[PDB]
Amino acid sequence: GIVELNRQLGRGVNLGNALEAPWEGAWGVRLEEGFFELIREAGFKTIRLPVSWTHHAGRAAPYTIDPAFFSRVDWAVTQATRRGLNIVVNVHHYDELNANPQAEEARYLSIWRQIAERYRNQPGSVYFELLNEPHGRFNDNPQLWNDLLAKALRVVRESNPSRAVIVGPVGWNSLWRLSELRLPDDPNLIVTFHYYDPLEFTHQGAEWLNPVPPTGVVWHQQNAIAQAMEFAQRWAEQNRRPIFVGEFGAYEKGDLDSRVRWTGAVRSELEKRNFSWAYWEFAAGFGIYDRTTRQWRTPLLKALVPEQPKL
C-alpha cells in the first residue's frame, strides 16, 4: 500500500530551475536525457519534477495546456520511468492561485483534470503532487487549502483511483502548519513538507526573496533539525500518513563546508525518521552537479549518499 509507495520514493532529487520557471531554460536549466542516467548512477531512486503549468495554459475555459509543453512533460515522465526512476509530477509556482484561491480554482482544477486524465495509465512509480508550497491567501486561512486540496483530489480520483497523491501544509509547506492541515479519508496520500531552516543560512543572498538575507552566514548543528523532524514524525504517526520531504538544500552563496554540514545533518535526520526525500536541487544554484565542468560537487553528493552509514 501507500507506506510501501512512500518507501519506494527513497532518496530523490529535484530537477529545479527547469520546467517551473516561466519557460524551460529561463532559470538556467534545460532538461537533457542524460540527466536521468546520471541521477541513477549517483544513487537516487526518484526525480521530483517541478512544473509551473500556469505559464502554459489558456486563461479562459477550458484552460487548455499548450500541446508542445505537455509533450515535453510527457517526455520527462516517460524517460524517467523507462530508466527505472520514480517521478513526482506537481503543480509548482502558481502566483494567481496562491493570491486568489477562489477566483483561480476553476483553472487549477482544469489543469489537474488534464494532467490526471493524460497520465491515468502511468505505473505506480509516477506520483502526483497537488500544489507546491501553498502560501499567500492560503497562509491567511489554511482552511482554504484544506477545501481546495479535497476538490483537487476528487478530480484526480475520477481517473486515477489509487495513484499516490502528495499533499503538504501551508506556510510554503512548513511542517509547523501540519497542525492546520486536514485531509480526506483517502488511503493513498503521502504528506510532504519542505525544510530550509534557518532561512538566514539556506537562503543567504537569495535575490528572489524580499528582504534579501545577507551573506557571510555560517552554520553548525545544534538541536533544531532533530526537534523539527520529531514533531513531524509524531504528527505523521498520530494521523497515520507516510512522509516525503520534497525539498531541502542550501544556496551556493553560503560557504561550502557549512552547506555540507547542514545537508548531511538534514539527510541523516530524515532517514532516522523514515522520511523519503528529494534534495533541492540537481544542477543550479543549489546543485550537486556542475554542468559547466560535468562534475559532481563531491562533498555535497556524499552528504546525501554517504559511503558508510554514519558518514
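Position 1 is the first residue in the sequence shown; the rest follow in order.
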| query | finding |
| --- | --- |
| Average Cα temperature factor in the PDB entry - higher stretch of 275 to 283, 35 to 43 | 35 to 43 |
| 300 to 308 versus 1 to 9 - greater average Cα B-factor per the deposited record | 1 to 9 |
| Options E207, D74, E133, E117 - largest CA temperature factor per the record | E207 |
| Residue selected from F193, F138, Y108, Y127 by maximal Cα B factor | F138 |
| For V266, the third of its chain into which the C-alpha B factor falls | lowest |
| Ranked C-alpha temperature factor of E247 among modelled chain residues, by third | lowest |
| Relative C-alpha B-factor of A26, binned into the chain's lowest, middle or highest third | middle |
| For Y94, the third of its chain into which the C-alpha B factor falls | middle |
| Third of chain Cα B-factors occupied by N86 | lowest |
